[PDB]
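Colleague: Sharing a structure, written as structure tokens. Questions coming.
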Amino acid sequence: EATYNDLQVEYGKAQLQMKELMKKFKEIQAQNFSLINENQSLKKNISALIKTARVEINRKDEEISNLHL
Amino acid sequence: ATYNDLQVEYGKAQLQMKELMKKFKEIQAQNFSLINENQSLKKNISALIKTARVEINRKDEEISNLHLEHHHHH
């Protein structure tokens, strides 16, 4: 049978564990937020790069063909 | 606080910590997927920049050569 003081002791231990666990949760939530932002910007970066690259290669191929013609 | 009130608060703290641990593992799995996906996107971008540069540079030199060939014959 848990005593009144034992419940007070365990409650304090639980708050210390809870504070420690809440710190780790906010940390991994912070990491989640930056990882998602990095994910979305990398997709926007690789998309603009593909468009920039194909546009410039086409334009260069048009010069080469006209010069040959 | 009464003895039963203490049992309740203690039990409630335990249950909040279990709920918190569950959400932690959920988010951790998300971050593992995002780290994996971001690393590959960064390798894609490096590969694509390299190959586009090779193409553009090669195109620039063919354009240069064709202009110099023309002038040399005019």
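Chain labels run A, B, ... following the order of the structure tokens; each chain numbers its residues from 1, and ligands are numbered from 1 in the order shown.
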Quick one: residues within 10 Å of region 8-15 of chain B, only C-alpha atoms counted, chain neighbours fewer than 2 positions away excluded, as a PDB file with N, CA and C atoms, in the first residue's frame?
Modeller:
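The result, written out as around.pdb:
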```
ATOM      1  N   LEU A   7       3.301   8.870  -2.334  1.00  0.00           N
ATOM      2  CA  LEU A   7       2.645   9.475  -3.486  1.00  0.00           C
ATOM      3  C   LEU A   7       3.185  10.873  -3.752  1.00  0.00           C
ATOM      4  N   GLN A   8       3.507  11.622  -2.693  1.00  0.00           N
ATOM      5  CA  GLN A   8       4.132  12.929  -2.889  1.00  0.00           C
ATOM      6  C   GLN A   8       5.527  12.785  -3.487  1.00  0.00           C
ATOM      7  N   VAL A   9       6.275  11.771  -3.054  1.00  0.00           N
ATOM      8  CA  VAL A   9       7.619  11.540  -3.586  1.00  0.00           C
ATOM      9  C   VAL A   9       7.551  11.162  -5.061  1.00  0.00           C
ATOM     10  N   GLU A  10       6.653  10.234  -5.405  1.00  0.00           N
ATOM     11  CA  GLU A  10       6.555   9.779  -6.788  1.00  0.00           C
ATOM     12  C   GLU A  10       5.994  10.863  -7.691  1.00  0.00           C
ATOM     13  N   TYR A  11       5.095  11.700  -7.172  1.00  0.00           N
ATOM     14  CA  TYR A  11       4.578  12.791  -7.980  1.00  0.00           C
ATOM     15  C   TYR A  11       5.692  13.752  -8.368  1.00  0.00           C
ATOM     16  N   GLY A  12       6.578  14.069  -7.421  1.00  0.00           N
ATOM     17  CA  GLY A  12       7.710  14.921  -7.741  1.00  0.00           C
ATOM     18  C   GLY A  12       8.645  14.298  -8.767  1.00  0.00           C
ATOM     19  N   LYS A  13       8.921  12.999  -8.615  1.00  0.00           N
ATOM     20  CA  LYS A  13       9.733  12.295  -9.604  1.00  0.00           C
ATOM     21  C   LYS A  13       9.074  12.328 -10.974  1.00  0.00           C
ATOM     22  N   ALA A  14       7.748  12.191 -11.012  1.00  0.00           N
ATOM     23  CA  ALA A  14       7.041  12.184 -12.287  1.00  0.00           C
ATOM     24  C   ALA A  14       7.123  13.546 -12.969  1.00  0.00           C
ATOM     25  N   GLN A  15       7.042  14.632 -12.192  1.00  0.00           N
ATOM     26  CA  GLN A  15       7.165  15.966 -12.776  1.00  0.00           C
ATOM     27  C   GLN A  15       8.561  16.203 -13.339  1.00  0.00           C
ATOM     28  N   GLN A  17      10.585  13.839 -14.490  1.00  0.00           N
ATOM     29  CA  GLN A  17      10.652  13.058 -15.723  1.00  0.00           C
ATOM     30  C   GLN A  17       9.826  13.710 -16.822  1.00  0.00           C
ATOM     31  N   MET A  18       8.675  14.280 -16.463  1.00  0.00           N
ATOM     32  CA  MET A  18       7.820  14.922 -17.455  1.00  0.00           C
ATOM     33  C   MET A  18       8.491  16.156 -18.048  1.00  0.00           C
TER      34      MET A  18
ATOM     35  N   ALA B   1      -4.376  18.421  -0.267  1.00  0.00           N
ATOM     36  CA  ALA B   1      -4.902  17.382  -1.147  1.00  0.00           C
ATOM     37  C   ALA B   1      -5.093  16.069  -0.392  1.00  0.00           C
ATOM     38  N   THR B   2      -6.153  15.344  -0.735  1.00  0.00           N
ATOM     39  CA  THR B   2      -6.446  14.074  -0.094  1.00  0.00           C
ATOM     40  C   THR B   2      -5.555  12.964  -0.658  1.00  0.00           C
ATOM     41  N   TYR B   3      -5.653  11.784  -0.039  1.00  0.00           N
ATOM     42  CA  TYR B   3      -4.899  10.630  -0.518  1.00  0.00           C
ATOM     43  C   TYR B   3      -5.355  10.214  -1.910  1.00  0.00           C
ATOM     44  N   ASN B   4      -6.665  10.226  -2.152  1.00  0.00           N
ATOM     45  CA  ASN B   4      -7.167   9.860  -3.470  1.00  0.00           C
ATOM     46  C   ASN B   4      -6.777  10.903  -4.510  1.00  0.00           C
ATOM     47  N   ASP B   5      -6.816  12.188  -4.137  1.00  0.00           N
ATOM     48  CA  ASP B   5      -6.349  13.237  -5.041  1.00  0.00           C
ATOM     49  C   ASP B   5      -4.907  12.999  -5.471  1.00  0.00           C
ATOM     50  N   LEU B   6      -4.074  12.488  -4.561  1.00  0.00           N
ATOM     51  CA  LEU B   6      -2.677  12.226  -4.888  1.00  0.00           C
ATOM     52  C   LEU B   6      -2.546  11.038  -5.829  1.00  0.00           C
ATOM     53  N   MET B  17       2.714  11.226 -19.578  1.00  0.00           N
ATOM     54  CA  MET B  17       4.040  10.860 -20.068  1.00  0.00           C
ATOM     55  C   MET B  17       3.975   9.726 -21.083  1.00  0.00           C
ATOM     56  N   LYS B  18       3.048   8.782 -20.909  1.00  0.00           N
ATOM     57  CA  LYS B  18       2.857   7.748 -21.926  1.00  0.00           C
ATOM     58  C   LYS B  18       2.349   8.339 -23.237  1.00  0.00           C
ATOM     59  N   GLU B  19       1.367   9.245 -23.163  1.00  0.00           N
ATOM     60  CA  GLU B  19       0.896   9.927 -24.366  1.00  0.00           C
ATOM     61  C   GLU B  19       2.020  10.709 -25.028  1.00  0.00           C
ATOM     62  N   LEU B  20       2.883  11.329 -24.220  1.00  0.00           N
ATOM     63  CA  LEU B  20       3.983  12.116 -24.764  1.00  0.00           C
ATOM     64  C   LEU B  20       5.024  11.223 -25.431  1.00  0.00           C
ATOM     65  N   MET B  21       5.306  10.061 -24.833  1.00  0.00           N
ATOM     66  CA  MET B  21       6.254   9.120 -25.422  1.00  0.00           C
ATOM     67  C   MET B  21       5.742   8.578 -26.752  1.00  0.00           C
TER      68      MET B  21
END
```
Colleague: Give me, as a Markdown table, the closest atom pair and its distance (Å, one decimal) for every residue of chain B within a cut-off of 6 Å of chain A, counting only C-alpha atoms, rows sorted by chain and rising number.
Modeller:
```
| residue | atom | partner | partner_atom | distance |
| --- | --- | --- | --- | --- |
| B:3 | CA | A:4 | CA | 5.9 |
| B:10 | CA | A:11 | CA | 5.2 |
| B:24 | CA | A:25 | CA | 5.9 |
| B:31 | CA | A:32 | CA | 5.7 |
| B:38 | CA | A:39 | CA | 5.7 |
| B:45 | CA | A:46 | CA | 6.0 |
| B:63 | CA | A:64 | CA | 5.9 |
```
Colleague: If I take CA of residue 72 (chain B) and CA of residue 66 (chain A), how far is one from the other in Å, to one decimal?
Modeller: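 Answer for the CA of residue 72 (chain B) to CA of residue 66 (chain A) separation: 18.1 Å.
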Colleague: Tell me, in Å to one decimal, how far CA of residue 70 (chain B) is from CA of residue 53 (chain B).
Modeller: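 CA of residue 53 (chain B) lies 25.8 Å from CA of residue 70 (chain B).
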Colleague: Go through A:37, A:23, A:69, A:1 and flag the residue nearest residue 35 (chain B), using only C-alpha atoms for the distances.
Modeller: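 The shortest atom-to-atom distance to residue 35 (chain B) comes from A:37.
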Colleague: What is the CA of residue 47 (chain B)-CA of residue 62 (chain B) distance in Å, reported with one decimal?
Modeller: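 Computing it gives 23.0 Å between the two atoms.
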